[PDB]
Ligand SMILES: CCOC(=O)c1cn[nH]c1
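What follows is one chain in C-alpha cells, specifically the form deposited without ethyl 1~{H}-pyrazole-4-carboxylate (GOJ).
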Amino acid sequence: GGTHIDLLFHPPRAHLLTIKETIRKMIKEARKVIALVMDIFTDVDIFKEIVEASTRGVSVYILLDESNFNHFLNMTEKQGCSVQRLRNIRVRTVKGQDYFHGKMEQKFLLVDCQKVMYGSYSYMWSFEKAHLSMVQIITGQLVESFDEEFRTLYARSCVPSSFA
C-alpha cells in the first residue's frame, strides 16, 4: 500500500466541507486515539468535539506550543472545562530554543493511526474567518511517519507548569 493525499483549502475550492468542518468530522469519527500537535488552540467548537470524543472513550493526546499555551488555558477556563479533570485527555507543551521565544511551529491532527490532516490551519477563529490556508488529508503509508513524529515530539514535551 501507498499513500493517498487530497488537498483542502480555506476558503474552500472544489470540495464540499470547509477545513473546520472536516476537522470536526475527523474528531467525531475517531474510535480509538486522537493525537494533535498545534501551535495555538482557542477554537471552542473544535475543543468541544475533542471533549466529546474523550467522553466516548477515545484517548486524546495534545501537544501545544509552550509560548501560546496560556491561550488554550484561557479558553478552557472560559468554557468551564478543565483538561486536568478529563480523564481521557493528556496535554503537554513543546518549546523551541529561546534567545524571544522558540516555538513549536508544526501543526497536524492524527486520528486512529489512520488519517492525518497536515497543513497551515491553526485552531483559532481567525483561521475560520480571516486567513487563507490549506491542508492535506493523508492516508496510507505516510501516516506512520506522522505517528513517529508525534512520538518524537511527545518525548520532548513538558508537563505544563500550571498542572499539579
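Residues that one form lacks are left out of the comparison. Residues carry their position along the shown sequence, with the first being 1. Take the two forms, find the largest set of C-alpha atoms that superpose within 1.5 Å, and that set is the rigid core.
Another form, the form deposited with ethyl 1~{H}-pyrazole-4-carboxylate (GOJ) bound, is not on view; read the next lines as being about it.
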Run the site superposition, bring ethyl 1~{H}-pyrazole-4-carboxylate (GOJ) over from its position in the deposited complex, and let me know if the shown form is open or blocked under the 3-atom, 2.4 Å backbone or C-beta criterion.
open
Tell me whether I40, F69 and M124, taken together, all sit within 4.5 Å of ethyl 1~{H}-pyrazole-4-carboxylate (GOJ) in the deposited complex, counting heavy atoms only.
no
Please run the contact check for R151 against ethyl 1~{H}-pyrazole-4-carboxylate (GOJ) in the deposited complex: heavy atoms, 4.5 angstroms, yes or no?
yes
Though only this chain appears here, would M26 touch ethyl 1~{H}-pyrazole-4-carboxylate (GOJ) in the deposited complex if you measure heavy atom gaps against 4.5 Å?
no
With the partner left out of view, is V33 within 4.5 angstroms of ethyl 1~{H}-pyrazole-4-carboxylate (GOJ) in the deposited complex by any non-hydrogen atom?
yes
Heavy atoms within 4.5 Å of ethyl 1~{H}-pyrazole-4-carboxylate (GOJ) in the deposited complex: does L110 have any?
yes
Just the runs, please: which groups of three or more residues in a row shift their CA by 2 Å or more between the shown form and the other one on the core?
97-99
